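Each remark here refers to the structure printed beneath this line.
Going by the order they are written in, the chains are A, B, C and D; count residues from 1 in each one.
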Amino acid sequence: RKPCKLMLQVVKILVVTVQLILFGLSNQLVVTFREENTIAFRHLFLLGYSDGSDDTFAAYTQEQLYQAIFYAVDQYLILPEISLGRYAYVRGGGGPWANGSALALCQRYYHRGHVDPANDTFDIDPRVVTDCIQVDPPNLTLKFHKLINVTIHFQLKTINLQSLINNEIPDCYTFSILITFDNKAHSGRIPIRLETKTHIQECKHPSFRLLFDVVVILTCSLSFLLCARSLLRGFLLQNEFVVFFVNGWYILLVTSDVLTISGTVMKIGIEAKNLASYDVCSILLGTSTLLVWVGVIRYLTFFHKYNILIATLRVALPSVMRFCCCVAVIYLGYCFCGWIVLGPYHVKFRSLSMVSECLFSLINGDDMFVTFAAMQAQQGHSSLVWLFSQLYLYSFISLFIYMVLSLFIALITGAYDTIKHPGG
Amino acid sequence: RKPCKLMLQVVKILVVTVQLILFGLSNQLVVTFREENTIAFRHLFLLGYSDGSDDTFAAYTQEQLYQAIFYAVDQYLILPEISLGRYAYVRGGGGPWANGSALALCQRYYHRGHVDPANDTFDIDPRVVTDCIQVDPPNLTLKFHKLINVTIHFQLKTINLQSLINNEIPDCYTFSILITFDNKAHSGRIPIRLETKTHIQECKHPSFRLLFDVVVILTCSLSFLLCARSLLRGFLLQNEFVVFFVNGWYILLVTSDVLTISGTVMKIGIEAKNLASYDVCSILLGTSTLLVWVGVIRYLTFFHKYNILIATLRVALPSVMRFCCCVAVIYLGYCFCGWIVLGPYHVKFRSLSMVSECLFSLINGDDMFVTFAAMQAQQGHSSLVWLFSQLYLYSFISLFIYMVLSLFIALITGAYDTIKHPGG
Amino acid sequence: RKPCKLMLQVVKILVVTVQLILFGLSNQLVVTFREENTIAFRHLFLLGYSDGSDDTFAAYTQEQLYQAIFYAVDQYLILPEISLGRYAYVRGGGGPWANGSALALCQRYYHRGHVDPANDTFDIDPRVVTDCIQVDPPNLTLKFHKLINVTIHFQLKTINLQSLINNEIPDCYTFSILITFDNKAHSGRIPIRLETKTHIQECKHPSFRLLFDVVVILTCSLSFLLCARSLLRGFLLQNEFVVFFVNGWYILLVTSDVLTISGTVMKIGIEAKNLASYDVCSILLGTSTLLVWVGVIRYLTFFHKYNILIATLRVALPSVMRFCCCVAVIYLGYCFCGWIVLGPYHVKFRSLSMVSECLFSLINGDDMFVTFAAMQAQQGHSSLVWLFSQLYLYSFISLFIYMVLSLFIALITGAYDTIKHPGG
Amino acid sequence: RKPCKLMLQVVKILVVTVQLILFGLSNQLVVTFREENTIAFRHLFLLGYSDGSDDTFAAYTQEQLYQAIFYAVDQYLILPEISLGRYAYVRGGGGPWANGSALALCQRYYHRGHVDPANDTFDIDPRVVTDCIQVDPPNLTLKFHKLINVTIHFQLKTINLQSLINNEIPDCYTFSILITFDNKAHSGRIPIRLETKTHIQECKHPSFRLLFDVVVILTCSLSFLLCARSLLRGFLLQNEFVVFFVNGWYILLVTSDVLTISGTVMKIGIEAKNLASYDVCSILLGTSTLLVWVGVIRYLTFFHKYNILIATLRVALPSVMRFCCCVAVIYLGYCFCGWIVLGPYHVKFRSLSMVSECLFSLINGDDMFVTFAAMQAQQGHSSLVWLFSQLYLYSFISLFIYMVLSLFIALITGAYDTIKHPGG
């Protein structure tokens, strides 16, 4: 009945999460399609594309510069002469207007740019100048001190008949591609990278599942308004217990009111702004759905056969909260250590991110024999700190490895005192 | 005697499992031979075969297409002129008949195939047309829009004198090889892959171990009919305990009746359908054999010196079953999370398989510093979700790592209450 | 008040550690700049530079020698003709004087060097002779028995306008580079390596944050003199408790007097000797800062809500000290085993460092399936010791894996006896 | 005194183990020298040597054969013309006599060798014929069906002046090198491998540390005869306790009598048969030395401050022995499973070795996300067994991961019942 209304929320949450794991299957195949489109674009344009090579694509030489300039330039001339598909480079004037290239070959530079590195001085209007060449889809050179960056923006339509395999009509995706040499280091080494966007419009010559997603929205509303109303029972009850864990009899109701509302907001409203807001509101639903599993079990123990371990879940929070506080304080000072040493020879200690990632290496054994063995093997410097790397690392390995089991295990004996309470 | 009949089942199970680890040694060497034949075929035909390269073998260019067409075509002309062995390409007309090639060079295409990607439309009889060239073991071109796939089927016998090293006569293995270019993406990138089958017939010019396998079948029958009869004792006893763990005094008897029957069914009956049904019925025996080890120990404690830990095995099932239920519910919502985020930047969250594989990364430290460190390092997108990747990942690392020891360890204190029962 | 003076030490320690994580952010970006300068130098000079290749750069041939000699020699002639920046090779006479090269091409050799390896004898004045060629920034050959080593020292200024991106003036960094062929093995294989130093002087044409670092020094002094004085309270109290854990009420005061003094000594005094003494005194501060987190928590439990786990921290030291002693004794004999076997086929057992690194592999699962699986897979020798590698390794895996949990877990029951004391 | 005699054994064992870690340092540097000699030989002879490439060095073509034959043949002609050292190829007639080559170019073949693989038959005197060419250090072809194997044996002296860096005289090492093409597969793919031995004789023109090793032998004798005599005290005591743990008061005495005897037997007697018997008797000493650490601690607790955890070490053996028996029985049936499935798609399940190595993957997390994720990713076959690979693997991961902590942890509560005994 009314717990029937709740479990109908739960299994309907199971079913709509079927619908979401379904929709995410559908998008995951489509993102297979997007990612396939992406990898295909990278190799094809890749005059010189190598795997991992992307990690190092840079002209050491100016001839190493201008030739690839010629190379892509030949790409832009004779792409229709060459392509394994059909690509459609229409006017697409960018990125400043006036008028169209299609390949707009631009280049940023200093504006005032006196730089005597032999003199250690400059007179730089740190202003930059940028110049572009228009190359009608059917040669110049520049100062090696002079440039700031350089780019080749052009766009090429293509149409999606592989969706004919997906039983769908050929649609339109235009690839807008800027090719940037980036001279921002100015250090004689210059990476190129290539960017593109894809306009997914339909084909010019141009829903029982969509209705299913909508009806699932309706039942989860039947759920979430049960949640406002059982919370209304609960808030009249808040008014009454004031006037006179578990944790989620109201709280899951608002939070699954939240999960249902976030699925609704991804569907139509923010879904006219599809891509990312989809991803985030789905962020919200999955907490609805993880929540769906947990409270289904919470409705579903039958005491668990009698609530002893459910009693076990609570009281260690009162001490292990202070415990987690102290252990985090340790984690912070050690992250401070990781920030400190990590610069001198490290990638692992490399950011607040990297200090967090070594925290993966602390409790997880993936980081251990690699980091302390390799940093023991000393890329490093300064053999006192060759001593110091092992000393901090083996120092940092030992204490937390000795201690975390006692955090949980002083727990494991004291909820054995709460199981001294409970095991009877 | 009768427990002598049972332990004779056990050691005879040990001995026949010797015979199976033996037979699997024999097949494992033979599968070394099959796998060696496989690797040899791959390199040899591999006009362009590279290690891992298989991961990317694709013509970006149409000249990249037709040349390899020429390349393998030259393979098919002059393979006898070239081979490091002797290969035998006889008539072998395939894969449609009429008549023989041997290299049957086929190519699938659209049938109705109007496709204006510049127009975003098509008129496709989504029909495909396929054309083949017959090249007698002793040049054409096609529309780059037009093809659907392409293949080169031919077969080449060879004979097995390396079994002369195995003290066996030279037998016959014909390699039937289709070379497929697959244009199913139609995305200007086109992978080739090569397939072959091997007919293992005997050489034209052409068993104490086999009898040993049969006699082992007979003794395990002496076992399994003891199992029907001690289960007959047991089912008369089921009739009596109705009329008036351990777990396996009957149950292993049917299951080892099962293990023995599965070994028997792999031997002759399904073994005239050898390869896979072999693998599966051996699937069944190994549970017989793992079972053989366990119940040998179960017959073999002598109480263990007194059944205390055997008493320890049972009662946590009554609570840790509900516990495993809840912990699995957590695993499912987190797998839901893994399905959700895993698409945006991931290989690890990549299927229900991939969500299962990250479940290896959860409890096993192989997945941790790699996944959360690398996804922290953000292939990714959208630095809010650059935040979100660490937040979900470090969120997902923390709780289960804190908690699973308490599942087993609330166990470790409550069968310390069942050892409060038992440790006296 | 006075505990206000202490917590002001703590949060001011938090804030100055903000200032240090800040300053280390600043240096970490600058060391990004140094490391970027380093990687750029390596590739650019790298006539033949490959990734990892550095692991094997060696002329097998004498032509493999002298050509690269020509190659770098061409580098030294026409570097201004070639460079992607502007590099400044001024007089820079080195490394012996008289006068300048800039590329000083030197070569060490034996002095008395009779060596009949066909005779197994020598007449070596083990004296070495070294000869150098002066190549004005705008060919000879030597005995392959004869050389000891060879080098090409020259220096090239450059100026730092990328700091213009850091909003800083172009400064001066001179790269002094010796190119050494090292013939010390004399074994027909000869590695080259290239070294450089960088003089960071300012540009010729040429501080609210620095004042902030100084004022932080002042407040931490207000802290550390509170530490001398509360230790003065404490040492008058030492005089009184003599006359009549916690651990750090005095001890952190001297040690954070230490942390504050080490930050001060890195700032100005040893900071006129900047680089390394910076790194080490920062070594000292981070213990101040890890200490800052811990004693903030120690001041911050409010009993923790009542000091039970704080009581839990102590008494196991009285037994687990002897326990850690014994377990270390095990670790030493096994490290002795690692020293013993590790030579015959190993990199992992490779030093006292390498024996320590396998100690990472012992408790951490990063080293296990790799080492015992690969050394099981037997690079190795001598299949008795093919037996022995698995036998020692699987022997060495088993005992400590069985035992360390009982060290902590005989702990986990005996501070369950100290929690037999405490859990009431 | 007499425990002084024992601790003098212990610290003298510490000191001689210093002497052994020393001697193993000396041999480890020398094995650095041997391994350096090895790597140098591999690259230098390596007409085509690549890293890892060794994993695949094989002629697919017969021209791929005979050319490398020419290549090494040119090696043998003009090695003195080419070498980065001086190499000494003297008469060295091998490997059959009569007389000398130096490069003895041999080739094994079938003797009777009729093989119609087109006929699936043969007439093989499985006899092999071998033919050799003598190439005086200053062209033929053979049947591609015909060969069995082929080899190029020659030897080249060289002399060790790098020991001049070790302050030692140039000695003599002759490298005897057979180059074998091995046609044993006969499968059209043919690997070459090259072997060499090195004769370490002294240079023709041609010990306080050795005396230190001898005197250490003498003191450990003073120890081991104390061991025979305190065991004589102990065996008179065996006679008395018959007439009327700890574990090692006698037992370490014989075993360290063993460790001392094994060091002695490696020194002189078997040490005139140096290399391997050195390695094995050192195998024996390290157990002496691990033993030296343990019994030093056993002599060294001072009760440990009171023998409670020493009491903790014993009684779980009485149950956990039966426990380890059962858990090993599980390990065997699962190793049986690993033998069973491991063939169909596996390297990890690859031998009894490989089944043991997956046992590293079971308890160690190095094997988990790789094996079950990659075998989940299905090299594999037969998607039922695509199901089966995850099912066995995730099946095999779960139980032992759930259970081993309870083995040690039913231990951790029952020596909490033995600490129910002991924690008072």
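A few remarks follow.
To be clear about the criterion, contacts are C-beta pairs under 8 Å (C-beta built on N, C-alpha and C of every residue); 3 or more make two chains touch, one makes a residue touch a chain.
By the residue-number overlap criterion, the interface of chain B with chain D counts as different, with under half of its numbers used by both chains. A rotation of 90 degrees, rounded to a multiple of 5, brings the CA atoms of chain A into register with those of chain B.
Separating the CA-averaged centres of chain C and chain D is a span of 32 Å.
Centre to centre, using the average C-alpha position, chain B and chain C are separated by 46 Å.
Contact of a single residue of chain C with at least two other chains is seen at positions 364-367, 370, 405, 409, 412-413, 416. The part of chain A that touches chain B in the complex is made up of residues 17, 20-21, 24, 27-28, 31, 36-37, 40, 43-44, 51, 82-86, 88, 157-162, 164-165, 169-172, 202-206, 276, 279-280, 282-283, 285-286, 289-294, 296-297, 300-301, 304-305, 308-309, 312, 348, 353, 356-357, 360-361, 363-367, 370, 405, 408-409, 411-413, 415-416, 419, 423-424. In the complex of the two chains, the chain B residues touching chain A come out as 56, 59-62, 115-122, 124, 126, 144-145, 184-190, 318-319, 322-323, 325-326, 329-330, 332-334, 336-337, 339-344, 365-370, 372-373, 376-377, 382, 384-385, 388, 390, 394, 397, 401-402, 405-406, 409-410, 412-414, 416-417, 420.
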